[PDB]
Each structure stands twice: as C-alpha cells, then as structure tokens.
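To begin, one chain is listed below as structure tokens, in the form deposited without the ligand.
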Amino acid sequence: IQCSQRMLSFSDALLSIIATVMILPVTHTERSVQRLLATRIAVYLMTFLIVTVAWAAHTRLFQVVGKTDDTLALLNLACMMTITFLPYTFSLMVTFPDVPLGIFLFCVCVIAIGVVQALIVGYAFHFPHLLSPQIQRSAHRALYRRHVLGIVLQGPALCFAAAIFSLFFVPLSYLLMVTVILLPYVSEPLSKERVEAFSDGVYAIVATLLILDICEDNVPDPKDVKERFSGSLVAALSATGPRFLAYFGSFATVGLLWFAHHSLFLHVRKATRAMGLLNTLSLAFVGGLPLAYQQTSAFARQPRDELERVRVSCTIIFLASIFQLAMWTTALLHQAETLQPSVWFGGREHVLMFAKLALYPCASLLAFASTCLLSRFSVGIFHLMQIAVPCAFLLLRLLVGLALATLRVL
C-alpha cells in the first residue's frame, strides 16, 4: 500500500486554495462602497473559517486512517470535490438569506462532505490494516468505530435538521448550523505536517495574489501604448507602477511573516488544538494584507483618508502577527511537551525567537501610534517600517546582541 503523506499534501494544496478563494472578490472591489466592502470581508472570513473547520475534520479523519490505497485516494478526491463547493454555496446562502434553497444547498454540501468521510471510515475499518497502529491495537475497535461515526455524522445530521426546518422557521436552521462548528469545541495534536502544508499554501496564495492580478490586467496593450502614451512604453509602465509597489510591499510582508512562521514551527515539537485555533486566526488575518497594501497604494483625497488607510494597514499587520506571537506564548505555556529544548526559557535562541516573532507587532504598533501623535510624518513612517523590518531580519542576530549588551550596561 501507499505512504499517505503525499496524498494528504495534495488535499492541503487544494483546501488552502478553497480556503482563500473568497479573498479575490475583496481585492477586485473598487454606505454603498464601504458597506459592500465590509460585507465581502465578512463573507471571506466566514468562508475561511468554514473551510478551516472542514480541513480540521479531514486532518483528524486521516490521523485515524494511517495508510491508503487506490479506493481511499479516490474517495478522498471525491471528498475534496465536495468541500470545494463550500465557498460558493455559503456565498449563495448569505446573498439569499430568505429563500430556503440556498441554505438547503449549503446543508447538502456539508452532508455530502460528512457522508463521504463516513464512507471513508467504513472502508478503512473494513480493512483494519489501513488504520493507525494505535487504532489497530485498540480493543475498542467496534466502540471506536461507533464513536468516530458519531463524530463524523453529527455535522450532516445537524445540517439535515437545519434543512428540514428551513422550510418553516429558518432561524432554528441557522442555530443548528452554527451548532456544527460549536459542539466540537464544546463537546489534541494537529499533525505538524498538515498545519505546515495548509499554512504554506495560504501564505503562497496571499503573497502572489497581487502578481496574479497584475499579470491578468496590467500588461500594456500596443494600441493603448501608442495612443494614450504616444508610443512611450516606459510611460505606460510608470502609469501602473503603483500596483508594482503594492505587490512589492505585499510580498515583502507576507514572505517575512512566513519566515517568522517557519522559524517558529521549526522548533515546535508537538502542535495542539489551541495552536491550531490561533494559527487559523493568524492566517485568516494574513489574508487581509493585499487589501491593505492596495488601499495604501491608491490615492488619498484627504489627509484623513491616507491616515485611515495607514491605520488599517498597521492594524491588519498587527492582527496578523499578534496571533502568531500568541501561538508561541501558548506553546511556552506547555513548553515541556510543545517546544524544542533550544527555545525553552533561558534557551540559546529563546530571546532571538521572541524578537523574531514580536518584530512585526511592535513595528505596526509604533506606526499606528504615529497616526495618533505624528500625523505629519505618519505615512512616511509607514514606508520606513516597510524597509526597516526586513533589514532587522537580516541583522536580527546582531540587533538582538546589541539590545542584550545595552541591557547588560543598564
């Protein structure tokens, strides 16, 4: 039989994309404009959370299922196809909260996902040699199968209840639906490889969103160049320059955030559900960076507009990195089982890692405060941080050594 690892990777390489799809409507967007933008942000966040919950269920499922073969791979592909429709169905439901057809479609999506997962469980247990070794030696194989089936089919059951009740009173259906996401929390390790794969996929997609847009839209047209720019191609490129600047900033920020994430996870011994939650929040907010940078690159009709956009960029960068730092703190709370020895309290790289993770929250906080105190140079300082933070990463060892030496003579 097969080594399941690669297959799971592909699933993540799929789910990441499905998780991030609803970002694109946000970027392409221009009481009317602001409300619409906020609606798109809310829809994107909810879709990302839903896809993350589905991914968590998948990760647990294939944690139980150790090895795989042909039929398991095909059923996993079918499950992936069913999960791919969650963004679209959810968007339909939200855009049409009145008619029951939308909630019915979303509930059918969830039901299909859970049914495929239950079929996978049944096939795996019918061939115990596929299951993980601890499950194989589990004397509760029948009871364990019963419990796993209950867990997997709870979601579909609640969704079926919501669908039936939608024909009469939809609020009950909505409550039953949120129950699906609530109960698994209300009534554990996430295999590090799965978390790493999903996070890397999300980071890559978010980093290359803006170049995707640029290649799809900005490539000059010879007719346009000859007519509007009178054949001066360099003028045509300088016209779209701002999108290049925004992409440069987005790639810098997202790449350095991924660098901090990589440094953190290199020393993590054993992930946890709490770290999973915090990582999910961190990624959901990392998704916002391209929007912030697009807004920054755009014109500012009034000083207040530019100040507000700088505020938003700083706030997004903060929210993105603060949860990443909180992951590290939560790990420190269970240091013995969570983190490598080299990053324990007083460890050789403990302070270095702390600075590496806290570099972005602190810089963003200073930039945000600049708006409340130094509105004169506010935007400028923002630009400065965009160049300051990368440099500190190159010099991080020397910078931390300087800080420690300064504290020595304090």
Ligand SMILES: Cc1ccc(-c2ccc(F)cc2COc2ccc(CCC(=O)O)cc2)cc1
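Rigid core: the largest C-alpha set superposing within 1.5 Å between the two forms. Position 1 is the first residue in the sequence shown; the rest follow in order.
- Where the structures in 9 other deposited structures of this protein are fitted on the rigid core, 212-220 is the one of 320-328 and 212-220 whose C-alphas sit farther from the shown form on average.
- Choosing between 394-402 and 14-22, the greater Cα displacement from the shown form in 9 other deposited structures of this protein, fitted by the core, goes with 394-402.
- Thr338, modelled here, also has coordinates in every other compared entry of this protein that models residues flanking it, well short of the third needed to call it frequently missing.
- For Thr240, the fraction of other compared entries lacking coordinates, among those that model flanking residues, is zero, nowhere near a third.
- Counting the unmodelled positions of the deposited sequence between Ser187 and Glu188 gives a long gap of 10 or more residues.
Another form, the form solved in complex with the ligand, is not on view; read the next lines as being about it.
- Interface residue among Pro128, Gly122, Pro171, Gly231, judged by heavy atoms within 4.5 Å of the ligand in the deposited complex: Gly122.
- This chain is drawn without the ligand; in the deposited complex, the residue among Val94, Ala118, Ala236, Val312 with a heavy atom within 4.5 Å of it is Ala118.
- Figure note: of the listed segments 268-276, 172-180, 191-199, 148-156, the one touching the ligand in the deposited complex, with heavy atoms no more than 4.5 Å away, is 148-156.
- In this stretch, 375-398, not one residue has a heavy atom within 4.5 Å of the ligand in the deposited complex; the partner itself is omitted from this view.
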